[PDB]
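Trainee: Provided hereafter are the protein sequence and its experimental coordinates.
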Amino acid sequence: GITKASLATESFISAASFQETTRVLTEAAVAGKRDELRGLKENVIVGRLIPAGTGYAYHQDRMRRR
Amino acid sequence: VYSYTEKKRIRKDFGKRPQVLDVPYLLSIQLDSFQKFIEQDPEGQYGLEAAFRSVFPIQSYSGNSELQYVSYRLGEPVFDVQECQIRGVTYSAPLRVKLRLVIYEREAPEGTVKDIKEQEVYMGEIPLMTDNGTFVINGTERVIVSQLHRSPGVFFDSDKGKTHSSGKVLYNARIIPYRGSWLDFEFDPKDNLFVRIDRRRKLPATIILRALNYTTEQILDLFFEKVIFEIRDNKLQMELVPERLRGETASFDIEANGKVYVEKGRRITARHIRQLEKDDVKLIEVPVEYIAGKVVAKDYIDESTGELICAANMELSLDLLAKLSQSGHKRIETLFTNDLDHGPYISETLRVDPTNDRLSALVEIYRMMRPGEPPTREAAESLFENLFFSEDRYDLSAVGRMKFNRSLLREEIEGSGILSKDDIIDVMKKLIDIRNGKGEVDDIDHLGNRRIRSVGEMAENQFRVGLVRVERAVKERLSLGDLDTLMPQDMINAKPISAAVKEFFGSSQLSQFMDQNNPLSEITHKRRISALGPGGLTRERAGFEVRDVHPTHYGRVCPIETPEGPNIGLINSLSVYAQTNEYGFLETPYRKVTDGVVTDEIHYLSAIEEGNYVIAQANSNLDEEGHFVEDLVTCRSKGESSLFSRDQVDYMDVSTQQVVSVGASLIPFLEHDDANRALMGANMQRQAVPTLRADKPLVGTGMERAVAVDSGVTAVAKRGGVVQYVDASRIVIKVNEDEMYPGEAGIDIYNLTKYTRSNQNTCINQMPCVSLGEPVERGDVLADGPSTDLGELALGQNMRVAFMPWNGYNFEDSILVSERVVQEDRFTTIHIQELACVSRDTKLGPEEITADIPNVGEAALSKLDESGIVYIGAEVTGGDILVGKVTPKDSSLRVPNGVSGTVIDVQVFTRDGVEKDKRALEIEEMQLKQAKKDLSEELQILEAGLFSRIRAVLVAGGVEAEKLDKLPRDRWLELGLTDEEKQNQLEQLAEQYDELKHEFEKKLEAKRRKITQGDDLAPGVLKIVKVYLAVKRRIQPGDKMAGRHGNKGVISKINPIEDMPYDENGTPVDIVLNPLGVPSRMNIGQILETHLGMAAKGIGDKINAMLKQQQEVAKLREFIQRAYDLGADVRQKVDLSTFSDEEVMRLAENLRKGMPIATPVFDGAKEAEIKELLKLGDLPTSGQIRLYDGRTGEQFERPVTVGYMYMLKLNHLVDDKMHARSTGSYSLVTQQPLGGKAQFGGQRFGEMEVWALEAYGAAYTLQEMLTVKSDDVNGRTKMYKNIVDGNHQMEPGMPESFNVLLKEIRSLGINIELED
Amino acid sequence: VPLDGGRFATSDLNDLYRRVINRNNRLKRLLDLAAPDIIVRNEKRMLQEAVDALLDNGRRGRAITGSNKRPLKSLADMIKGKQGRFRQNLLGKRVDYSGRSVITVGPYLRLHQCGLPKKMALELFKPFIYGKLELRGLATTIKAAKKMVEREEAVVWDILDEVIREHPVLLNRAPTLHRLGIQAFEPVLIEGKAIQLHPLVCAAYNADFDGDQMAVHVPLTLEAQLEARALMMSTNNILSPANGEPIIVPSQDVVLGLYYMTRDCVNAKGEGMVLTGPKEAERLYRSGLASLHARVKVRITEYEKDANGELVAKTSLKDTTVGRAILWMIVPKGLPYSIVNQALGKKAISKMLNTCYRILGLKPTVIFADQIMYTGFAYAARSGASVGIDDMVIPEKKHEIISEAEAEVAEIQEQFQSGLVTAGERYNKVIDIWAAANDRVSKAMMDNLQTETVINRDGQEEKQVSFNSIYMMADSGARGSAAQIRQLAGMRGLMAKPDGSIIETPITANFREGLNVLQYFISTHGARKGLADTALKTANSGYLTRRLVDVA
DNA sequence: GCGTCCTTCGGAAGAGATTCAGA
DNA sequence: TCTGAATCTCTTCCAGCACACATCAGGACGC
RNA sequence: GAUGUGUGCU
Ligand SMILES: [Mg+2]
């Protein structure tokens, strides 16, 4: 479902900011997950350009740079 | 006839059916409940007398001493209402209650006392209520809203459906006390009875059964009936009750007295039962295997050895019956556990019950209530006795006991406030019966199960808490007392009572800040029934049936007046005729109907007495005698209406207005509006701000006068007489000799309340509506309050509207307003607002208010005086200095930006200890002069009146008028008269004159002391200067205007006069609305109001034309009589032949602006009468006239609707909503811009607005939205420098709120970090 | 934060930290004095409870409260929930260079323009005014320019006009449901305090003018300005992102103007005349020699791009009206004449804009939308399309349909009480019969409304579609439908409770006659259902879109 | 006046703990 | 009498923006 | 800064 498919993503930041912050952060801390800042909510929270529109070219340049 | 407040402009009424009961006092709930709370009750039923007796007498821990109550007295308030509002202290009266401390003699529990001493100890201070139902708590006026909560008692709810996910409907019974703990019983999906105290956890109800000291045999005796098995020669026959064979299957061949009645496997119908009854038999044969499915009630012990064979509540079998046969117990008793009717719920509860006796049940109850502690016997017994069997920890009120004893169908309604064993037993029995099928649940939304807790009861409850805390302190202290030295004041602490009462009246969910921006707002705030608050339901845990309008709301709660938004249906409004029962329930008047006659005796029927009779409806025709003109009249019998005969009815509604509230009954043609539009119209009519000149509604309802008079804003005369002297600030009434008392007669002065600030920064200002030397009766208005016109609620202006599209300037909902409307200042409003400049003695030295301001020129200091404050009358604008305050190193009080004004008042409060400033001294001197002058002036006025009365008594019994004038007025009381009782009257009047002189002197001294007082303030403030501005907000494009039918609108253009459409007479149209707003939202009442206002203004135009050229009184009288005779069959019936040919000239002058029309709520005018009234003038009957274009000069090619609609001005002013913010002030924890308009704050670009920028793909815009003008700090200033550098480029960093998030995660045991 | 006086603010984290430190210090002291075992174990338990209350308060048995029985927020209550550092300060923030005011129409505008109040744009574009004041040399520092802007001198307004020229601002309404709730307009400075909003984008914003406010946001950087001009511009937002239908559709007044214009009645000031073009039709209408609803023959040159982008003219002589010929003067070249030669409603001109965009492009579509709005407002003003009380014509056979249905319901009651149907089927059959009766009454009143225009053909009587105002604004799709118009002159019908159940009894009166003291009470059930449904069940539809956005 | 201090009550859904039953 | 199915119990969620007002912030007891 | 109440548009 749209709740489980959003709470079970690979980025713990999106899941924590969506719902069940305590339960998401507990699992992330136990499992030692490492977020890659791949979505749009993650870059909004961090404070970067979203990899969606005019920032998509910049994010492609940054990804292929390294 | 008509009084002089009615024979000055008499409103034409279209009401067809007469009214047999006038509208009662509107704010009569607050005034009655607080009167019950505040007055002396010798019996002690309700009020403070019932709160002291509920606690006092208070004794020690059997320490041979007692403290007991005697009487209480309320002293005069320290300041009156006006002075309390000026200063800012609670309008309260000290509570002086006479206590009496008695300690007995030693070795004498009932003997004499060592001493008896008594004094009145000051404990607490209860705020008094004004004459309008408003409380002055901290200078601001508060209104304590009534509360609609569940009545105490027993309610059998359902919990139907969604539980257990199998469809099985459970059953629960809740015993709600007024004070105490709940006693929830409920059923199990396996049909068990679980009690639940305070909703903690389930355990079997048989635990409470044994806790009530009941044995299992007694329990089975209570909840079951016995069936007897007897030991005989053989076959072990059973006693038979033929009714027990109703609806089951015969397990074998039923026979009695030999012959077989019912064969094996047959059904036992009613015929078989009746035939067995006619057989008159009692005994039948029964196989031994049939008793295998039975349960023994009473335990059986051996007759030989005494050992128990079978205990109580256990199944039987063949071996058990064999062991019983050899014992010798000739009688066997079992339980009649029917499968459908007499379910064995108690037996299953006992089987699942783990406890065995009273002690173990008490232990289990104690473990449930207080876990984590080893239970002992005495503590558990004390707890269970304190739960529902003590008057101190549990109390069903009188209404609670009434509901409890009426729900269980008992006879007597009085009883003990505590629960008893019988009450619990009957509650469980009724729950079991409801489970069986006999009886039914009751709905919570029924108005017969919901009370009203008004101001008095709620205030009394908190006083009880304060007294409980005080008596707990006394209990702690009374055993440690040093006797013979304890006055009845050393143990009474006034802090708990005062703290509790202040906590209730100041900071509560029902001590609401009064919504006061017209009389309607306050009269509907006082008459508000809020389901929220303490003891009520929260907004989140509110179902969709509580919000809904119940059928029992008819006549008790308005259906159409409830606020939109989060709480709709929880804030119900009281009806016009609704009252409060002696217990608290709502009731409505009804005309009692005999066999065929509708009498005039009104009975107030509650919400539970209404469902028994069949009640007719208000719009049922009668013919001069109380007989229904038709055979079948539409009536509502039991929550469901249908046609009933004229003989079955026994009640009838008083009027069509009794279902709607006082706010929804001011909407003309309410029966034509959609009820959503009715709700919006009621709310907007509550929101209207009073304009500059009040203007009556041409189309009204007849309840405008009732709201105007009963709100309290109008100075209504107390005793009738002749206006002796009318000034712009006072009215003096020469009382008639008929109503003048023999002693202390004098006259009465009405001091009007001039321009002053209300709660919503509006201007409430009374002005006289009477003339000099004009006769006034009792209870007629003298001064029109805010938005009042000759004692008639006038919240707006009669606007000449046209419904037509005009070049898109009324596109969606906008209004196009002519320039003449703003030229005439029709919608111009006064907005008096105050500004405070507190001077707090901070560190580095205190502050000052000196007139020299550093780094500021003399341009801003020109308006300031030498003392630093601004002159009264200065036309200050935004940004000017009002009070020049300097902190120890400039923080002077400035006018907020964007508002002009005019300083009309300056008040300086100085802490006692700061000497003074010369402006404070000037204000004090002027106030002293005014306070002496007013007292001297009132003494002179009612002393000239007293001397006039002395002369009027002197004329009887030998008067000499020639010597009276030349004699000085000092010696006028002992002049020529005999020694009869008239001389006694003269002596009494002389003594009254001397007493008035002395009272004036002493009150002058008191006023001098009060003005020269200290007026202590908050800790750490030196002096406060409150400057009152007075803005005149003219109308402008942007501010909301609305009608009375929920047709809102924001003005889009102030069009010139020559551009507005005009008719063939050249008259411009003031307002052009949009036609398409009418069909979509079915507010057709605005079109009918437009047509009726057109007719009213046509009548007014005809009167004005007949009056402009001076015609004889005959023609005016003829035409006005024609206008007042129009109608089918009206109740008005006004004859102008009784007018004195000059009272009709005043009427004609008042009608030249347009004849006011009364159009009752559901008994209004019809279209035939509207068309006939249009015919009475010269206007077309269709309501539509020909309008030509204002600018192009060519006609609109269709007739358009033109008429006078009563437009309001809602106080959603555009200049109070416009806001802008560049780089300004930021928050503290997260470096974000602040939020709000009072604070300089930026609009929130919320979560839903970020998805809108993500959808476009705007990534740079979003990035600058959340970093550069947001949480980020260094980039925020770099961007500002770039913007003022000619370069629009950003260098964003990281938002500060993300670092806050990282630190807050790290503050837990979680380690979050950014990798490289 | 120090308040007024010597007191301090009531912080929750500080209170929790003080409790934890008190318990920890007490345990540390008891661990050195060798306290009895029960006391030290109880103190350790209290320390555990204090730490649990500090980390996540309320997850244990009872949440500790600070004052007057309210649970103080722990280190988790300020990171989770709707009021935490995730949904309140990171996914959406407060912004500088922002404003807020009510909105008015101002229909003189264009699709790329809005009206900023003159005193609001001065406070929004304040650093931009500072920059140009320092550039032009009227000020030497930032404080001199700040004081000059504060004083609002005569030169500041010219600087504001220069800096506001091509700097688009973002107008956002409070519920930003879809992406068309944020759009960029080129400001047009106005005197006032209300933000004039173009009437075409009101459908996209879902913004009427009855007291609602919109927020202004100023794009700062060059990239932000170009994103507002190329992506968020209201000119580039003429199609809904959900479906390809146009979203800047004329609504409720322009459609009424275009429906009164493009219409015909069988008579005129001049009907048999034949014209030489649309200019002749406009000249005849303005001079008053021909009604707007004539049936004349105009000679019209329509273009067509059936070739590879070449507009080939084809002049003919078509049977049109004067109003349609006048409207043809604004239709851009390339569109067939068989789109205005009919009675234009709302769907018709929505289709006209859609085909204009699909054939011609974006710029002709925007210019066409502006011209359509102008000529709809003008010819709706020039008609006086009012609404009276005689326009809601009651049918003369409604009570016969009422009597038939009440007889049917009486027969249903007699069948139910006998035992033919249960109490769950009587409900359904009575709802069905009353809904059929309501539809029959609606059909009767609609037939009595739509065609009730008996007018001579200059000879004998003839029938035509009615010019009744209620029917005009119902058929044109301006504002209304069969339901709302039916409730005015037909019968209101039967209501629905908040739970969803339909009322057993129907209302047999309309909003032109009165309503009973009881029929209004019955209607209040549905009226309160309608108002409770929004405020209490749009939460579980905003939740749906929130957890749809957060999953995709 | 300063000043140190130690109630209960919605409601649908989902997950994870018991607990049943049934072969 | 072991293991899926059912039931019980605990948990988390319940739209957006904005405006106005008041009240709190330790209050008890020692000094 | 948080609560409590009222309110505006959806
Ligand atoms: Mg709106």
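Mentor: Done, it's in. Residues are numbered from 1 along each chain as shown, chains lettered A, B, ... in the order given.
Trainee: now the helix ranked longest in chain C: buried residues?
Mentor: With DSSP state H setting the assignment, residue counts place helix C:423-450 as the longest helix in chain C. Buried residues in helix C:423-450, defined by neighbour count with 16 or more other CB atoms under 10 Å in any protein chain shown: C:426, C:430, C:433-434, C:437-438, C:440-442, C:444-446, C:448-449. Every residue, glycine included, has its C-beta placed from N, CA and C.
Trainee: so which of these comes closest to RNA strand F?
Mentor: residue C:442 (26.3 Å; CB to the nearest atom of the strand).
Trainee: re earlier: now do the longest helix of chain C: which elements does it pack against?
Mentor: Here helix C:423-450 touches helix C:398-418, helix C:469-475, helix C:482-489, going by 3 or more CB pairs under 8 Å, 6 or more residues apart in numbering or on different chains; DSSP states H and E.
Trainee: for the ion, which of the ones you listed is the nearest?
Mentor: Each of those has some distance to the ion by CB to the ion; the shortest is helix C:482-489, at 17.9 Å.
Trainee: pick out the residue of chain A closest to DNA strand D.
Mentor: For chain A, CB to the nearest atom of the strand, closest residue to DNA strand D: residue A:4, 5.5 Å.
Trainee: measure how buried that residue is and give me the count.
Mentor: 8 (other CB atoms under 10 Å in any protein chain shown).
Trainee: quick one, what contacts residue C:471?
Mentor: C:449, C:450, C:485 (CB atoms under 8 Å, 6 or more residues apart in numbering or on different chains).
Trainee: as TSV, those residues with distance to residue C:478 would be great.
Mentor: Putting the contacts of residue C:471 into TSV (distance: CB to CB, whole Å) gives the following:
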residue	distance to residue C:478
C:449	15
C:450	15
C:485	11
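Trainee: nearest to DNA strand D among those?
Mentor: residue C:485 (36.1 Å).
Trainee: that closest one - how many residues pack around it?
Mentor: Count around residue C:485 with other CB under 10 Å applied: 23.
Trainee: just residue B:913 next, same as before
Mentor: Residue B:913, neighbours per other CB under 10 Å, totals 8.
Trainee: now do the contacts for residue B:553.
Mentor: B:447, B:559, B:572.
Trainee: which of those residues fall in helices?
Mentor: Of the contacts of residue B:553, none are assigned to helices by DSSP H.
Trainee: mind putting the residues you listed into a markdown table with distance to chain A and neighbour count?
Mentor: Formatted as a markdown table, these follow (distance: CB to the nearest CB, whole Å; neighbours: other CB atoms under 10 Å in any protein chain shown):
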| residue | distance to chain A | neighbour count |
| --- | --- | --- |
| B:447 | 41 | 24 |
| B:559 | 39 | 28 |
| B:572 | 36 | 26 |
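Trainee: tell me the contacts of residue C:334?
Mentor: C:303, C:304, C:305, C:311, C:359, C:360, C:364.
Trainee: the third one belongs to a helix?
Mentor: No - assessed with DSSP: H, G, I helix; E, B strand; the rest coil, residue C:305 is coil; it does not lie in a helix.
Trainee: and the strands in chain A?
Mentor: Under the criterion DSSP state E, chain A contains no strands.
Trainee: pick out the residue of it closest to RNA strand F.
Mentor: residue A:21 (16.8 Å).
Trainee: any idea how far the spatially closest residue to residue B:891 that is not a sequence neighbour is from residue B:835?
Mentor: In space, not counting the residues next to it along the chain, residue B:891 is nearest to residue B:885; the distance is 5.6 Å by CB to CB, 6 or more residues apart in numbering or on different chains. Per CB to CB, to the nearest Å, residue B:885 is found 12 Å from residue B:835.
Trainee: more neighbours, those two?
Mentor: Neighbour count, other CB under 10 Å: between residue B:885 and residue B:835, residue B:885 has more, with 22 against 17.
Trainee: wouldn't residue C:211 be in contact with residue B:1048 here?
Mentor: Yes - between residue C:211 and residue B:1048 there is a contact under CB atoms under 8 Å: 5.7 Å.
Trainee: which residues are common contacts for the two?
Mentor: B:1040, B:1210.
Trainee: residue B:92 bridge partners, please.
Mentor: Listed beta-bridge partners, residue B:92: residue B:127 (assigned using DSSP bridges).
Trainee: so it is in contact with residue B:125, correct?
Mentor: Yes - when contacts are counted by CB under 8 Å, residue B:92 is listed as touching residue B:125 (4.7 Å).
Trainee: pick out whichever of the two has more residues nearby.
Mentor: Taking neighbours as other CB under 10 Å, residue B:92 and residue B:125 compare with residue B:92 leading, 23 against 20.
Trainee: OK, contacts around that one?
Mentor: Residue B:92 touches B:77, B:125, B:126, B:127, B:128, counting by CB under 8 Å, 6+ apart.
Trainee: against residue B:492, how distant is the closest residue in space to the last one that isn't next to it in sequence?
Mentor: In this case it means residue B:128. Among residues not flanking residue B:128 along the chain, residue B:93 sits closest, at 5.1 Å (CB to CB, 6+ apart). To residue B:492, residue B:93 is 18 Å away according to CB to CB.
Trainee: more neighbours: which of these two?
Mentor: residue B:492 (22 against 17).
Trainee: how much space separates the residue nearest to that one when sequence neighbours are not counted from chain A?
Mentor: Nearest non-adjacent residue to residue B:492, counting by CB to CB, 6+ apart: residue B:121, 4.7 Å away. To chain A, residue B:121 is 54 Å away according to CB to the nearest CB, to the nearest Å.
Trainee: what touches both of residue B:885 and residue B:835?
Mentor: Common neighbours of residue B:885 and residue B:835 (CB under 8 Å, 6+ apart) are residue B:893.
Trainee: mind checking which helix or strand the closest residue to residue C:332 other than its chain neighbours is in?
Mentor: Spatially, and ignoring its direct neighbours in sequence, residue C:332 is nearest to residue C:364 (4.4 Å; CB to CB, 6+ apart). If you go by DSSP states H and E, residue C:364 is part of helix C:362-381.
Trainee: can I have stretch B:640-657 written out in PDB, keeping just the CAs?
Mentor: Listed next in PDB are the C-alpha coordinates belonging to stretch B:640-657 (Å, rounded to 0.1, in the frame of the first residue of the first chain):
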ATOM      1  CA  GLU B 640     -41.800  11.700  13.700                       C
ATOM      2  CA  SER B 641     -44.500  14.000  12.200                       C
ATOM      3  CA  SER B 642     -47.700  13.000  10.400                       C
ATOM      4  CA  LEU B 643     -51.200  14.200   9.900                       C
ATOM      5  CA  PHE B 644     -53.400  14.000  13.000                       C
ATOM      6  CA  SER B 645     -57.000  14.700  13.700                       C
ATOM      7  CA  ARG B 646     -58.100  17.900  15.500                       C
ATOM      8  CA  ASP B 647     -59.200  15.900  18.500                       C
ATOM      9  CA  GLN B 648     -56.000  13.900  19.300                       C
ATOM     10  CA  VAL B 649     -53.800  17.000  19.700                       C
ATOM     11  CA  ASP B 650     -53.200  18.400  23.100                       C
ATOM     12  CA  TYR B 651     -50.500  21.000  22.600                       C
ATOM     13  CA  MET B 652     -49.400  23.600  20.000                       C
ATOM     14  CA  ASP B 653     -46.300  25.700  19.300                       C
ATOM     15  CA  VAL B 654     -46.400  29.200  20.600                       C
ATOM     16  CA  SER B 655     -45.000  30.900  17.400                       C
ATOM     17  CA  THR B 656     -43.100  30.200  14.300                       C
ATOM     18  CA  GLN B 657     -40.000  31.800  15.800                       C
END
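Trainee: re earlier: format the contacts of residue B:92 as JSON lines; extra columns: distance to residue A:33.
Mentor: Formatted as JSON lines, these follow (distance: CB to CB, whole Å):
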{"residue": "B:77", "distance to residue A:33": "68"}
{"residue": "B:125", "distance to residue A:33": "62"}
{"residue": "B:126", "distance to residue A:33": "62"}
{"residue": "B:127", "distance to residue A:33": "60"}
{"residue": "B:128", "distance to residue A:33": "65"}
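Trainee: the longest strand belonging to chain C and chain B in contact?
Mentor: Of all segments of type strand in chain C, defined using DSSP E, the longest is strand C:182-190. Yes - on the criterion CB under 8 Å from any CB of the partner chain, strand C:182-190 is in touch with chain B at residue C:182.
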